[PDB]
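Residue-level listing of the chains:
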Amino acid sequence: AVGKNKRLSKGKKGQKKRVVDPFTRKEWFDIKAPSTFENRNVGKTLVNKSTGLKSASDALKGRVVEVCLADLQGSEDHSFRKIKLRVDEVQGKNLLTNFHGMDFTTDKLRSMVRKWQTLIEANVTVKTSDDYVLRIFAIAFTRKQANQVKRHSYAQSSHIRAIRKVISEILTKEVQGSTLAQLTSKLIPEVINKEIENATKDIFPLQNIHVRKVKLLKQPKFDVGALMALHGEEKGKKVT
Amino acid sequence: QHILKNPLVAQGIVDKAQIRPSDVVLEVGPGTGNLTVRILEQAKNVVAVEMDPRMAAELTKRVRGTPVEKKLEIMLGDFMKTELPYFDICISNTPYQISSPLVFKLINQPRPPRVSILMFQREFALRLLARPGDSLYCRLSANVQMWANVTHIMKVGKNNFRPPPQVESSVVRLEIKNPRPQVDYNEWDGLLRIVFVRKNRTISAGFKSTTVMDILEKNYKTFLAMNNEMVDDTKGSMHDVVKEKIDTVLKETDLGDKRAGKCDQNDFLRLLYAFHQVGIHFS
Amino acid sequence: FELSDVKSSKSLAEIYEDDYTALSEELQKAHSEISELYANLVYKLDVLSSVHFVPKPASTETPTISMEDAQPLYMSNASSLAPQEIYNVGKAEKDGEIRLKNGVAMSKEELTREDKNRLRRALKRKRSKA
Amino acid sequence: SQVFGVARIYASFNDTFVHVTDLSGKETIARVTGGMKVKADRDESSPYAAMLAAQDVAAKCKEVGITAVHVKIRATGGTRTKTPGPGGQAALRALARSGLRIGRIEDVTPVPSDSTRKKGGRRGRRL
Amino acid sequence: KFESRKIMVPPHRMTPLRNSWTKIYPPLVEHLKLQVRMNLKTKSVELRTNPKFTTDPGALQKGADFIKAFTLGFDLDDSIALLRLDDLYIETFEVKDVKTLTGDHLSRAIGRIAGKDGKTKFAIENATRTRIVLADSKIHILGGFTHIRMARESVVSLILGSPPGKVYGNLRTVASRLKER
RNA sequence: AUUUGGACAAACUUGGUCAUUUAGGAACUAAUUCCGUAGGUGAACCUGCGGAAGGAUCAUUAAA
RNA sequence: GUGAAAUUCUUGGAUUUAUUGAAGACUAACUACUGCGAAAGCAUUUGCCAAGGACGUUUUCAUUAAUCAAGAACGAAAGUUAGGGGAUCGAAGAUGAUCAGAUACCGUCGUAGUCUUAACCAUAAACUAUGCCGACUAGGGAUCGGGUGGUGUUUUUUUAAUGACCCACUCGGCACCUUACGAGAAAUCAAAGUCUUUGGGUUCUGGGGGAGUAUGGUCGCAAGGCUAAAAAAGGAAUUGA
């Protein structure tokens, strides 16, 4: 409120003149995803200025962006999916980016939440063969049979703990066998939850088996050559 | 509002008021005017303060034309804010929410009245009548038993009130101690606050609260600054060094362990004398 | 008035279009029906208590013509209006002027002091009569 | 082709924050307030405030040159309500009528799994 | 240049959706010219604005509000009323957000705020000219801004434990001033 | 630093100067209920905590 | 920020945005006319430590059983003593606003406390407002756990688990609903029922409201001990006379 009956306070005793010109001093910078994705060219970010190339570099390295797999791969089935990345390297208005984390959308989680079934969650803590420390959150629901005459579909805690152990084994094995980009490629066509489904096929009929969330916890040392490799040199223009 | 339904208890009020014919009597909330005309018949002068224009209008219309309208005067406005004269007796029946600040005002009035009579809740009256060794003792109870001495008269009924309230009432009498004992009211109030943060913990722990330690640290510190002395360097907190000081005061007095609902005014004064003695001042 | 605790017959669009568009039509129709009933019952009592013949009272959109005129049908409304009822005199709009019922108008400054006195006397006695 | 923005819309109970940021939420493009929009203290939670705010931030967004935008509403969250407001719906309608190319709408409200005690009490918080 | 929106539906709401789907699209596809599809595979409804067939900025948004109101549990005619107007706004809130209660206390409270056979709910709706949806804890109130504000204050009183007689007193009071305006 | 004598001399007292403002009579003009616990100083009771109903249930909702 | 403002703090840019980190609490939704526990009480993962229910058993022994003053254990919250941190919330207290209206009576800070350790403290609408142990007396659906039989589907196959749904039965529970053949003040009750007036074993208890009165029947409770005043129309009145 800035009305004439808005009672004055200390506040705007001394203010300034809007002369900063932020959208002229700023500079657009196109970020770009690793080669594991279809539409790597997604999203441009604004660097505050250009006199500090150091400031540009540290800001773009501190950038943590997020996107969805739907807009990432053109298949809008994965609208509920969402990942976070971070620009790790820059090159002349083009910025190398790398994966950071994953989650779903809250409305998807809410819709998957129902009243006559049990939700199981597995929260494993692992480090890749790429030495990326990671924490994985996965979820599934106790569906009912086609012959089910019962209103509910509830199972024993013995089944719960057994299936939990089975899941966590699957995650630990697959991640420790995998690397970072390998984990992303596994993560894309939902094949891991299908594997867990076929594993847990004998214990109980389940549904909505999904890895909920990915948490980067530690990242190893820097390798710009590896980043350039996983993304996919430059001369000048003779200014005189 | 509420209207009385007992001229008999009005007669009891004036009978216990025990009128001197040389009295100027101040009345807050004179009401429909029964007490007003009784005191107008009994005393020399009656000043009535009112905050209700409609009640003051019906009162002046009821009392216009009597011989004692020359002795009756009606002042308007918030009596807690406006100036008040001298009076010998004060009788009133106000809502008690403004009566308790009126209680503090009539205690701290210069040249206080000789006797006064008031109407309170039953709970409020018993809280005022709270003695040591009793459950209703509070800071207000200790204040009123310090500055004055009280006497129960009677109790009132809500079914005898119109309209009947929820909380019961009673009628009490206040007599200010003449002469007033020279207690610094600031010091007495500060110590009463500190001792009655919890009435059933130890007074040791009541000081062991952090904020009282900080307050008395600052108080003793500016006291030492005004007396122009320097304190020995504390390795931890100044709160802790003056806390050790007050602990020495407590183990000197042998009373800080006690329960705050039982200690009397004599232990109160010996403790405050120990504190003024060691240089601790609550203001 | 009093509210109703049954389900509303109309939706939000219906009440809002109703508001987006006689004390009440219900009181109007009630007055109408009891009027026709009173007409018929007065008619029945006139039948039962009449020595002389009384027929039925009456029988109980589109452009419609009113046969019976309560006026000669060729007189202007301004003609039937009385001149008094289309202008009377009142007190003047400027307080420095005083307009009387006989139509005389006086400025408070072109007067003499004795006249102001007797005029104040007249206004005082008339207001005291009031 | 198009360039996208981040339309974070806080739908407070007595306020409306319409803040747009760039990629990674770092380059803060614009930020506005309901009361600042309509200089009243009752109307800091006004749908009209939401309308004028959305129009103005759409003007700034077309000024900087961002055409398409993903919009993320956020309620109060916390131990308070986590449902966004009619001011939020009004702002959404007003920006859709402003015509910036809406890519995707989100409701990212901070929901406690297991929180602490609210400021209400044993009988209730309000009224 | 098309532009589209997707809206989920729960199956308990999908059953009357399937039951009365026939009268849903005729207000929108004819008066708003909005392409409809419904993936029962995904339990969602898709609405696409065509650029040449439709040049109307807020219509896709208005249809989104319409389907949101219906799926939240409001009736077809009032959701259509939301389509007719543009100043109809919804507020939902929870009993645990206002004052947390437990079990049979929550049960008695739901019975209280419902009243005998929704009579009190009808009284509120008629007074505030609002529409109410009573879920387990989610309470949804559709209507004008100050209307749902007044209804919110009233239902907060009901949740906190107000007797229905004094509720009716305040109800005819607020209905008196709202009828006078 | 200190020192002589003048003049100006603020300021104060004591008053003198003139100036400017600031009731009697005499004219004119105008006309929700309950337990247990803890506490209470703007206390016709209230707060805090833990409990009870002996407090009024409308609508959808098996599957494609 | 409230019904409304207002105290509050924001160029050393709050709120917000993003990136975190720390603190201390909490363990939602799932969640049930579910489960467990003597109750009070008990929802994050995993492990350990023990324990316990029920079901199954052609294992055991052979009255070892019930009711129980004394005595023993537990016992919500708060409260008390000695420590810890102490995010949030928060008896007290402090204030802003006291505005019309409370139909829409707070806002902010903040001590104790909130949690923990070691102790006490033994009250709760601690209710199924309903002594225990035992036996008999309607059905009908549930569910949970255990077991059995067979049926199917899902399941899987020299591997370390063969589990999931169906129906029939079985125990043992949370219960649900209909009714009485019974009883009753009626509500109701499968007990608050077990043939007119009546005996299965056992601990305890007893012979409405307000009002008004007499009190040795009892317990609390006080004060002060120098201090002074003696009739009006001698109206109203922008209104009158």
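Determination of this PDB entry was carried out by cryo-EM to a resolution of 7.1 Å, according to the record.

S.K.: How should the overall build of chain D be read in this particular structure?
M.R.: Within chain D, the regular secondary structure consists of three helices and five strands. Moving toward the C terminus, one meets the helices and strands of chain D in the order β-β-β-α-α-β-α-β. Its C-alpha atoms give chain D principal-axis dimensions of about 55 × 35 × 20 Å. Intrachain contacts of chain D at a sequence separation of at least 6 include 63% that bridge at least 24 residues.

S.K.: How should I be thinking about the interface of chain D and chain A in this particular structure?
M.R.: For interface size, the figure often reported is the accessible area lost on association. Taken residue by residue, the interface counts nine residues in chain D and nine residues in chain A. Taken together, the residues that form the side of chain D that touches chain A break down as three nonpolar, two polar and four charged.

S.K.: When you look at the arrangement of the chains in this model, what are you seeing that I'm missing?
M.R.: Ranking by contact count across three pairs of chains in contact places chains A and D at the top. Regarding chain A and chain B, which are not in contact, the minimum distance between any of their C-alpha atoms is 27 Å. Without any contact between them, chain B and chain D keep their closest C-alpha atoms 21 Å apart.

S.K.: Before we go on, may I ask you to explain unusual backbone geometry in this structure?
M.R.: Here the residue pair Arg162(B) and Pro163(B) is connected by a cis peptide bond, since its omega of -5 degrees sits within 30 degrees of zero. Residue placement: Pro163(B) occurs in the loop between β8 (161–162) and β9 (169–176). At the junction of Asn178(B) and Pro179(B), the peptide bond is cis and its omega measures out at 0 degrees in the coordinates. Assignment of secondary structure puts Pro179(B) in the loop between β9 and α7 (185–195). At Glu190(A), a residue that is not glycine, the phi angle is positive and equals roughly 50 degrees. The residue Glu190(A) is located in the loop between α6 (180–187) and α7 (191–199) in this model. Located in the positive-phi region is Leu73(C), a residue other than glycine, with phi close to 70 degrees. Structurally, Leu73(C) is set in the loop between α2 (25–49) and α3 (77–80).

S.K.: Help me understand the interface of chain D and chain E, please; the structure alone is not making it clear to me.
M.R.: Opposite the seven residues of chain D that make contact, chain E presents seven residues. Among the residues making up the side of chain D that touches chain E, the classes are represented as two nonpolar, two polar and three charged.

S.K.: Got a minute to help me understand the packing of helix α2 (residues 47–64) of chain D against helix α3 (residues 86–98) of chain D in this structure?
M.R.: Two measures define how a pair of helices packs: the angle their axes make with one another and the distance between the axes. Residue and element names in this part refer to chain D. Packing of α2 against α3 leaves a shortest axis separation of 8 Å and a crossing angle of 35 degrees. The hand of the α2/α3 crossing is right-handed. Here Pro47, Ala50, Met51, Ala54 and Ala58 of α2 lie close against α3, whose contacting residues are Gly87, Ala90, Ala91, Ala94, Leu95 and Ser98. Split by residue class, the contact of α2 with α3 holds nine nonpolar, two polar and no charged.

S.K.: Explain the domain arrangement of chain E to me, please; I cannot follow it from the model alone.
M.R.: Residue and element names in this part refer to chain E. Domain assignment breaks chain E into domain 1 (1–84) and domain 2 (85–181). Placing the centre of domain 1 and that of domain 2 at their C-alpha centroids yields a distance of 27 Å. Looking at the side of domain 1 that touches domain 2 element by element, the count peaks at four residues for helix α4 (residues 76–84). Residues belonging to the side of domain 1 that touches domain 2 are distributed by class as follows: four nonpolar, no polar and one charged.

S.K.: I would appreciate a short explanation of the pairing of strand β2 (residues 24–28) of chain B in the present structure.
M.R.: Each regular strand shows side chains that alternate between the opposite faces of the sheet. Residues and elements named next belong to chain B. Here five bridges tie β2 to strand β3 (residues 45–50), and the two strands are oriented parallel to one another. Along β3, the bridge assignment pairs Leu26 with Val47. Strand direction decides the pairing type here: β2 and strand β5 (residues 89–90), joined by two bridges, are parallel. Looking at β5, one finds that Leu26 is bridged to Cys90.

Quick notes on the rules
In this view, residue numbering begins from 1 on each chain in the order the sequence is written and may differ from the entry, while residues that lack coordinates are not shown. Chains and ligands are labelled by the order in which they are written, letters from A for the one and numbers from 1 for the other. The chains in this view make up only part of a larger assembly, and the values are for that part alone. Each side-chain value is worked out from all heavy atoms of the structure, with water and hydrogens disregarded. Residues with missing side-chain atoms are left out of burial classes, side-chain pairs and their counts. Secondary structure elements are taken from DSSP: a helix is a run of H or I of four residues or more, a strand is a run of E of two residues or more, and numbering for both begins at the N terminus. Note on contacts: a residue pair qualifies if any of its non-hydrogen atoms lie within 4.5 Å across the two residues. The nonpolar class holds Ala, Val, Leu, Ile, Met, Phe, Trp, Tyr, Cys and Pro. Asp, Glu, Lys and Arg form the charged class, and all remaining residues, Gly among them, are polar. For helices, the axis comes from a line fit to the C-alpha atoms of the stretch in contact; other axes are also lines fit to C-alpha atoms, and the angle between any two N-to-C directions lies between 0 and 180 degrees. It is the rotation of the near helix from the far one that decides the hand of a crossing: anticlockwise by less than a right angle makes it left-handed, clockwise makes it right-handed. Boundaries between domains were set according to an automatic or database domain assignment. When DSSP locates at least two bridges between a pair of strands, those strands are taken to pair.

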